[PDB]
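Asks: First the structure, then my questions, so here it is.
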RNA sequence: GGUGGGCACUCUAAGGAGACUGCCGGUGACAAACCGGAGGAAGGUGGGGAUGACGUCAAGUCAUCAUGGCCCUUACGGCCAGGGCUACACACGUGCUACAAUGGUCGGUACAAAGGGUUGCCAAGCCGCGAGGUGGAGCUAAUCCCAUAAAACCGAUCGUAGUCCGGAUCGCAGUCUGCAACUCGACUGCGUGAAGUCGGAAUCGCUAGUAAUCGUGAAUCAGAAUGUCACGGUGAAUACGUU
Ligand SMILES: [Mg+2]
Ligand SMILES: [Mg+2]
Ligand SMILES: [Mg+2]
Ligand SMILES: [Mg+2]
Ligand SMILES: [Mg+2]
Ligand SMILES: [Mg+2]
Ligand SMILES: [Mg+2]
Ligand SMILES: [Mg+2]
Ligand SMILES: [Mg+2]
Ligand SMILES: [Mg+2]
Ligand SMILES: [Mg+2]
Ligand SMILES: [Mg+2]
Ligand SMILES: [Mg+2]
Ligand SMILES: [Mg+2]
Ligand SMILES: [Mg+2]
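Protein chains in written order, with PDB author numbering: chain g, 2 to 153; chain s, 2 to 84; chain m, 5 to 118; chain n, 2 to 101; chain j, 5 to 103; chain i, 4 to 130.
Okay, structure coming up:
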């Protein structure tokens, strides 16, 4: 807000893989304060990924995020009769959080049996870049480039 | 429901009036204000004018109302229909 | 078998479907005569299916239960007590609100005049 | 908070304290398992013989200064809007404004 | 072996009373074990402050009850009973046991 | 010999004794794995040892009271940090950099008058 | 810690210490001040509370109380028995419970804080499926009672169905308080099993131990809380910025 007074809060507590991104994803998949349930869900999804194929789950997860984080975003501004949607390069910190949120959001509506399996399926699909999340990402990019006349 | 440690509840005056009136069989409704009272099995066939809230309405006692209470046979609110 | 009992289900859960036996009653039936409620009735021998039939034929099922319930309802209906009068207008008979929120006994919303 | 209200409620606790003991053994006889109905019914009719305005459950306590039915605190004897007056003047011992 | 219990609504005068009883306890030459601070009760009330409808208009009060425990060994001269009038004056409640 | 430490976190208090040994680890006369069952509590309680890399050298005796699982774990970590400082008083810098000796003073905010939770409010219909 | 015992600790509650831009670097009208760093449990009024300037809205209260005038004085004053404030074609405000698989049941086990109790709490044992009943111990309470915390963790099952989801409504049989549970109490057992598949226009709270979720206590009170006031367990996302 106007003050610019609140600095960031750092918590880094990966229990069995020693990765910060995994802990942040556990934060994203959490609901109503269930830390341990989220850890179980994430570990089950990674174990399903490990069992399905020879690929190790951590690298698959990381390169699935790298194939889903958007590059530019659309932000609206009115001028008194029309609101134009200018593109802005997403900050290096925003892209990771946006990717995680999109991944978990489209995992929640995947439609198959359990949340662990839904995450597993989404990670497998995103590692190759064919899920609904990558469709959303490319939609965002095409919308942003279609409004490149404003850019500034 | 009343505890079965004391099943029957009956007002003393109404009880004695009914159990006195049994000698001369049903000839006039017994007017009363005690809706809390429960029908005794031994008073069947006699008519009781129970208080409604402004007047006393008459009820005739058969076997299928022994375990109930007097107040259930005198409705206190009217509601003759909204329209 | 039974009266259109649903198969491919655990014994107690399927037994629940008989309108007069719930969950404690179904497991009581399963316990009175030795059967495993973990076993699907699809896999139970007739020599014990008829045993469950004998156990179920002891209390009440379907037609007689509805008959006695309706007899009680009609008795209340025709006595003329407050319960009967409240029970013939299609209104809650146990003292709940009627100013608002008595929708399960009053069905749809059904507006007001025009 | 009329005068009649206070007077009649005062008469109520006076009448309750009048007997205040026969209720005890009457209810004990009613509630006693090894009592038999023969004398338990007699205790019932004896209990119902007493005036109706004698039970403890008919006592509705009011403010000792205004006779107000609502807003009562039983640690003190006063109501909602006189306890504040007594406390803020320092009359009530031990009571202070608390933050914690 | 006697037991001494003190209660008060505030700590100034109960501390003073504890100090004076314990110094009188040394005076007779009896051993003493120090003052035990017991947990203090705290009872709270919330009261509406308007004569009519304002529910969030509330004021909150509390009462604190302080306790202290003392005991002595080998007594011979008991003027504490003979000074009971002076020992407790205004707002200190004193209990004695096993005299 | 031996060293003492006390830890406090989220109304959870912990007494920690450091002795020479081979990391027996006892909490309320029962084992660590039997105390914290398959969660991050083991790593978070273990960190102040590998940060100073003396996990094998020290046997640890622990008594705990109050709070929940996470508060208990944080209190144990704080107590072990303090005792370890009391043992080898030159490694203050490492634990300060890790932010281990800093006692977190966050507590449960008191409920307010006119509010449901500490900050939640009714819905404020304006008409 | 059952005992002797100790006064280490924890804790309890009184007295004190500590954080004040104090020291260093830079910016600054070598002023106030601003941005950093060290030390430290805490750094920039550390966190939370209480405390509401002159006045405004002829704001609210004559029904807590007090008070000027007016009004009733065989009634607008009193006592009693019943009924009503609990009605019900409908509209609105505030909440609880759900619509499930981050879940529902069955079994095993771990960890709190605050508080109430001698016209009171009301144990152990025994009897009931259960509400509950007998019993009488201890406690004027850091001692006895309320009084097993729940979510979490471990194992099995249910496999996407209006269902082992959801519990409304209704029938039968009961317990307790109370002179008295019909109008019109709260809980228990058996059966029944409704709408509900995440909600149009619109709209609300929240910046960290916060929101979200899980339990516990108290006042009022014979009996009667999804309300109010409090206590802890687990425990986030986001803030580029001021068009
Ligand atoms: Mg007057
Ligand atoms: Mg009352
Ligand atoms: Mg520092
Ligand atoms: Mg607090
Ligand atoms: Mg609104
Ligand atoms: Mg700064
Ligand atoms: Mg600093
Ligand atoms: Mg104020
Ligand atoms: Mg006006
Ligand atoms: Mg007005
Ligand atoms: Mg009356
Ligand atoms: Mg009302
Ligand atoms: Mg169910
Ligand atoms: Mg704010
Ligand atoms: Mg809380």
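Beta carbons are placed, not taken as given, at the ideal position from N, Cα and C, and that holds for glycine.
Going along chain n in order, which residues have a C-beta closer than 7 Å to the C-beta of residue 53 of chain j?
Replies: Mapped onto the fifth chain, residue 53 of chain j falls at position 49. In chain order: 85.
Asks: Give the residues of chain j in contact with residue 81 of chain n, contact being defined as C-beta atoms less than 8 Å apart.
Replies: As a first step, residue 81 of chain n must be located in the fourth chain, where it is residue number 80. The contacting residues are 51 and 52.
Asks: Would you list, in sequence order, the uninterrupted alpha helix (DSSP H) runs of no fewer than 4 residues that lie entirely inside the stretch 24-76 of chain m?
Replies: 28-36 and 50-60, all fully within the stretch 24-76 of chain m.
Asks: Quick check: residue 104 of chain i and residue 63 of chain i, are their CB atoms within less than 8 Å of each other?
Replies: Within the sixth chain, the letter at position 101 stands for residue 104 of chain i. Within the sixth chain, the letter at position 60 stands for residue 63 of chain i. Contact flag unset, no.
Asks: Are any of the Cβ atoms in chain g nearer than 8 Å to that of residue 57 of chain i?
Replies: As a first step, residue 57 of chain i must be located in the sixth chain, where it is residue number 54. Output row for residue 57 of chain i: interface = no.
Asks: Taking only beta carbons into account, state which residues of the stretch 75-109 of chain m come closer than 8 Å to chain s, listed in chain order.
Replies: Answer set for the stretch 75-109 of chain m: 79, 83, 84, 85, 86, 87 and 89.
Asks: Would you check if the distance between the CB atom of residue 107 of chain g and the CB atom of residue 128 of chain g is smaller than 8 Å?
Replies: Looking up residue 107 of chain g in the first chain gives position 106. Looking up residue 128 of chain g in the first chain gives position 127. Taking 8 Å as the Cβ cut-off, residue 107 of chain g and residue 128 of chain g do not qualify as a contacting pair.
Asks: For residue 91 of chain j, which three-state DSSP category applies?
Replies: To locate residue 91 of chain j, count along the fifth chain from 1; it is residue 87. Looking at residue 91 of chain j - three-state DSSP - the assignment turns out to be helix.
Asks: Output needed in chain order: residues of the stretch 52-69 of chain s with a Cβ under 8 Å from some Cβ in chain m.
Replies: Those would be 65, 66 and 69, in chain order.
Asks: Quick check on DSSP: helix, strand or coil for residue 123 of chain g?
Replies: Taking the first chain and counting its residues from 1, one reaches residue 123 of chain g at position 122. Note: residue 123 of chain g maps to helix in three-state DSSP.
Asks: Note down, in chain order, every chain s residue with its Cβ under 9 Å from the Cβ of residue 30 of chain n.
Replies: Start at 1 with the first residue of the fourth chain, and residue 30 of chain n comes out as number 29. Here the premise fails: no neighbours, minimum Cβ distance about 12 Å.
Asks: Quick test of your reading: residue 48 of chain m and residue 66 of chain s, contact by CB under 8 Å. State the CB separation rounded to the nearest angstrom.
Replies: As a position in the third chain, residue 48 of chain m is number 44, starting the count at 1. As a position in the second chain, residue 66 of chain s is number 65, starting the count at 1. That belief does not hold up - the Cβ atoms of residue 48 of chain m and residue 66 of chain s are roughly 49 Å apart, past 8 Å.
Asks: Kindly provide the ranges of any beta strand (DSSP E) runs that are 3 or more residues long and lie completely inside the stretch 14-48 of chain j, ordered along the chain.
Replies: With a minimum length of 3 residues, the continuous beta strand (DSSP E) runs that stay inside the stretch 14-48 of chain j are 35-41.
Asks: Shorter than 7 Å, the distance from the beta carbon of residue 111 of chain i to the closest heavy atom of ligand 15, or not?
Replies: Here residue 111 of chain i is taken as the residue at index 108 of the sixth chain, counted from 1. Answer for residue 111 of chain i: yes, Cβ within range of ligand 15.
Asks: Could you check whether the Cβ of residue 35 of chain j sits closer than 8 Å to any Cβ belonging to chain n?
Replies: Numbered from 1 along the fifth chain, position 31 holds the residue referred to as residue 35 of chain j. Output row for residue 35 of chain j: interface = no.
Asks: May I ask you to report which of helix, strand or coil DSSP gives residue 73 of chain n?
Replies: By 1-based counting over the fourth chain, the position of residue 73 of chain n is 72. Here residue 73 of chain n sits in strand by DSSP.
Asks: What does residue 38 of chain i pair with, by DSSP beta-bridge criteria?
Replies: Taking the first residue of the sixth chain as position 1, residue 38 of chain i is located at position 35. Residue 38 of chain i is not bridged to any residue.
Asks: In chain order, what residues of the stretch 44-66 of chain n put their CB closer than 7 Å to some CB of chain s?
Replies: Listed by position along the chain: 45, 46 and 49.
Asks: Give the straight-line distance between the Cα atoms of residue 121 of chain m and residue 67 of chain m, rounded to the nearest whole angstrom.
Replies: Lying outside 5 to 118, the shown extent of chain m, residue 121 of chain m is not represented and no answer is given.
Asks: Looking at the secondary structure, which residues open and close the alpha helix (DSSP H) in which residue 1 of chain g lies?
Replies: Nothing about residue 1 of chain g can be read from this structure; chain g reaches only from 2 to 153.
Asks: Confirm, please, whether the CB-CB distance from residue 32 of chain s to residue 57 of chain s is below 8 Å.
Replies: On the second chain, residue 57 of chain s is found 56 positions in, with the first residue counted as 1. On the second chain, residue 32 of chain s is found 31 positions in, with the first residue counted as 1. Result yes, Cβ atoms of residue 57 of chain s and residue 32 of chain s sit closer than 8 Å.
Asks: So, for residue 103 of chain j: in the same chain, excluding its five sequence neighbours on each side, which residues have a beta-carbon less than 6 Å away from its beta-carbon?
Replies: Translated into positions along the fifth chain, residue 103 of chain j becomes position 99. Answer for residue 103 of chain j: 6, listed in chain order.
Asks: Could you tell me whether the stretch 68-88 of chain n touches the stretch 33-45 of chain j, where touching means 3 or more Cβ pairs closer than 8 Å?
Replies: As far as the Cβ criterion goes, the stretch 68-88 of chain n does not touch the stretch 33-45 of chain j, which means the pair count is below three.
Asks: Closer than 7 Å to a non-hydrogen atom of ligand 1 - does that hold for the CB of residue 4 of chain n?
Replies: If you number the fourth chain from 1, residue 4 of chain n lands on position 3. Checking every heavy atom of ligand 1 against the Cβ of residue 4 of chain n, one is found closer than 7 Å.
Asks: Just the Cα atoms here: how many angstroms apart are residue 95 of chain n and residue 42 of chain g?
Replies: Counted from its first residue, the fourth chain places residue 95 of chain n at position 94. Counted from its first residue, the first chain places residue 42 of chain g at position 41. Their backbone Cα atoms lie some 56 Å apart in a straight line.
Asks: Taking a contact to mean a Cβ-Cβ separation below 8 Å, would you say residue 79 of chain g touches residue 125 of chain g in this structure?
Replies: To locate residue 79 of chain g, count along the first chain from 1; it is residue 78. To locate residue 125 of chain g, count along the first chain from 1; it is residue 124. It is not a contact, given that the beta carbons lie outside the stated cut-off.
Asks: Taking only heavy atoms of ligand 2 into account, decide whether any of them is closer than 7 Å to the Cβ of residue 75 of chain n.
Replies: Residue mapping note: residue 75 of chain n aligns to position 74 of the fourth chain, counting from 1. The answer is no for residue 75 of chain n.
Asks: Just to make sure I have the definition right: I need the residues of chain i whose C-beta is within less than 9 Å of the C-beta of residue 2 of chain g. Which are they?
Replies: To locate residue 2 of chain g, count along the first chain from 1; it is residue 1. Here the premise fails: no neighbours, minimum Cβ distance about 17 Å.
Asks: In chain order, what residues of the same chain lie with their CB nearer than 8 Å to the CB of residue 62 of chain j, ignoring the 5 residues before and after it?
Replies: Residue numbering aside, residue 62 of chain j sits at position 58 when the fifth chain is read from its first letter. Excluding residues within five positions, the ones whose Cβ falls inside 8 Å are 50, 51, 52 and 53.
Asks: Quick one: residues in its chain with C-beta nearer than 7 Å to the C-beta of residue 64 of chain g, no 5 flanking neighbours on either side, listed in chain order?
Replies: Counting from 1 along the first chain, the entry for residue 64 of chain g is found at position 63. So the qualifying residues of the chain are 128.
Asks: Can you give me the start and stop residues for the beta strand (DSSP E) that residue 75 of chain s sits inside?
Replies: Residue mapping note: residue 75 of chain s aligns to position 74 of the second chain, counting from 1. Where residue 75 of chain s is concerned, there is no enclosing beta strand (DSSP E), given that its DSSP letter is neither H nor E.
Asks: Tell me which residues of the stretch 36-62 of chain i have at least one Cβ-Cβ distance to chain g shorter than 7 Å, keeping chain order.
Replies: Result list: 42, 43, 46 and 47.
Asks: Does the beta carbon of residue 95 of chain n sit closer than 8 Å to a beta carbon anywhere in chain j?
Replies: Indexing the fourth chain from 1 puts residue 95 of chain n at position 94. Taking Cβ atoms only, chain j reaches closer than 8 Å to residue 95 of chain n, which makes this a yes.
Asks: By alpha-carbon positions, which one of i:53, i:16, i:14 and i:65 ends up nearest to residue 22 of chain i?
Replies: Against the sixth chain, residue 22 of chain i aligns to sequence position 19. For residue 22 of chain i, the nearest C-alpha among the options comes from i:65.
Asks: Pull up the CB-CB distance for residue 132 of chain g and residue 123 of chain g, whole angstroms please, since I reckon it's below 8 Å.
Replies: Taking the first residue of the first chain as 1, we reach residue 132 of chain g at position 131. Taking the first residue of the first chain as 1, we reach residue 123 of chain g at position 122. Between residue 123 of chain g and residue 132 of chain g the Cβ distance is about 6 Å, and since that is below 8 Å, they are a contact.
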